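Read the single chain below, which is given as structure tokens and is the form solved without the ligand.
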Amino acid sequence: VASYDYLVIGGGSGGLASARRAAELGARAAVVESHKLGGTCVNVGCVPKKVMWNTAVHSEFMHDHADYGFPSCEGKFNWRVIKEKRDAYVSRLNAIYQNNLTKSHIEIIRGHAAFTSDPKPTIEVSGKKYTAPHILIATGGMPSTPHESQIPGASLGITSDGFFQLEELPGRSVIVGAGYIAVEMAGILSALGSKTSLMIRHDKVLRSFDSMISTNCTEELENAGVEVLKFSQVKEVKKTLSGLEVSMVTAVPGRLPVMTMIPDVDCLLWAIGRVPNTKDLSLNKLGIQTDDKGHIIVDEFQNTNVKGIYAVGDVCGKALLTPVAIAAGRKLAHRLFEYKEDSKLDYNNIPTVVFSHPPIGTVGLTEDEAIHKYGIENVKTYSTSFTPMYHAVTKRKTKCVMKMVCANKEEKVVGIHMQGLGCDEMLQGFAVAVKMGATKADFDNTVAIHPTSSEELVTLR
């Protein structure tokens, strides 16, 4: 059994960041990876998605070309051109990440890891055994798909993974789901030219976001040409002579359910959830706790119920974001190797950007969460709605909505929510301010930058 100071299972965002920071502190570390380094963020997540988003943003601006004094641009988008360039970029990143591991002297064990029934925590990769006093599970998650038992023909649809393998733009697509991944996919496919429908169980998307955002986002999707099919779900999917045919049931409250058929669908994309990657780890061999969804249970320091075993990232099921897995992975390295016992990630005030059109930026509490935590009498909100100056000369329009949630007498800023052009790069700094405990006066005392959209947040009254 080869011994190390730190054994990391999973070469994605959390696993890499932790192994690297540990190595910097002197730990002899090894990372086990059964696929491609960079994990979801590089291969089928953040990076390829962002490239596709920039492409979709290009299509929208092309629509405004004539308004800006130029001749109109025709429009024929060529999917495989960008797909090939996107794949190439991802290839460059995998090479870079591998190089980063080698330069830090981190061993890479290629293959699938599973725990053994050995007393002291030990794993086995391809017949070989490895052990360490500290083992991190950072195996991430997968897209969830419906079972053929409940939805016949569900397997005819693809997930976000399959979206990244598409070689042609689907002519007609139906996305099922109301979370951010669903919204992003719908927004990209629609901007690029696919006749798109988004099927949600209720009446709005992103229902866990502040209500101002769920409402505004649902309206912008419709204004952009996405058909939002409300109170609907898939009953069955079948392969016809040309495409797929989706049978859905729409059940609006106060009306009778109606069954509809959606024919000639080229692409059915399930964006209903993520499942943790833990089934083949043999967690049960060591008695590591998991919830009923398969997530590994951890305390505030990322400890599992077994000493010397930790877990970070998507596998834990909380705050499923790349920067969160990274920060939790690094804080863990410092606790274990720099002996900083108070080193852990604060899961409050984690900022998020949803790459919709326009993009969404959020940090802190929604109005309801603040109301429930401080009480109505102690919660004051400020908001604004306006048309960005960029649209002063265009026929096409989008809006910018901003909301500030303040708590107590001092009006401590506990939440910022916004949607609009530029919101994707606007959030980071305000997130720093909110993490510091800024009050509305701190915002009000900062001189504005004119003309920008960002200045509206420091001039709210």
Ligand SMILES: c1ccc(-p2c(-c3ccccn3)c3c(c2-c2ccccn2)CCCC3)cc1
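Start at 1 and count along the sequence shown; that's the residue number.
One more form of this protein exists, namely the form deposited with the ligand bound; it is left out here, but the text below deals with it.
> Answer with yes or no whether residue 155 is in contact with the ligand in the entry with it bound, where contact means some heavy atom within 4.5 Å.
Residue 155 belongs to the contact set for the ligand.
> With heavy atoms only and a cut-off of 4.5 Å, decide whether residue 328 touches the ligand in the entry with it bound.
No.
> So in the entry with it bound, does any heavy atom of residue 244 sit within 4.5 Å of the ligand?
Yes, residue 244 lies within 4.5 Å of the ligand in the entry with it bound.
> Would you classify residue 166 as touching the ligand in the entry with it bound, given a 4.5 Å non-hydrogen atom cut-off?
Contact with the ligand, yes.
> State the residue from 225, 162, 375, 263 whose non-hydrogen atoms include one within 4.5 Å of the ligand in the entry with it bound.
The residue from 225, 162, 375, 263 that makes the contact is 162.
> Of these, 296, 191, 267, 135, which has a heavy atom no more than 4.5 Å from the ligand in the entry with it bound?
The residue in contact is 267.
> Given that the partner is absent here, state which listed stretch (236 to 244, 300 to 308, 336 to 344, 74 to 82) has heavy atoms within 4.5 Å of the ligand in the entry with it bound.
The contacting stretch is 236 to 244.
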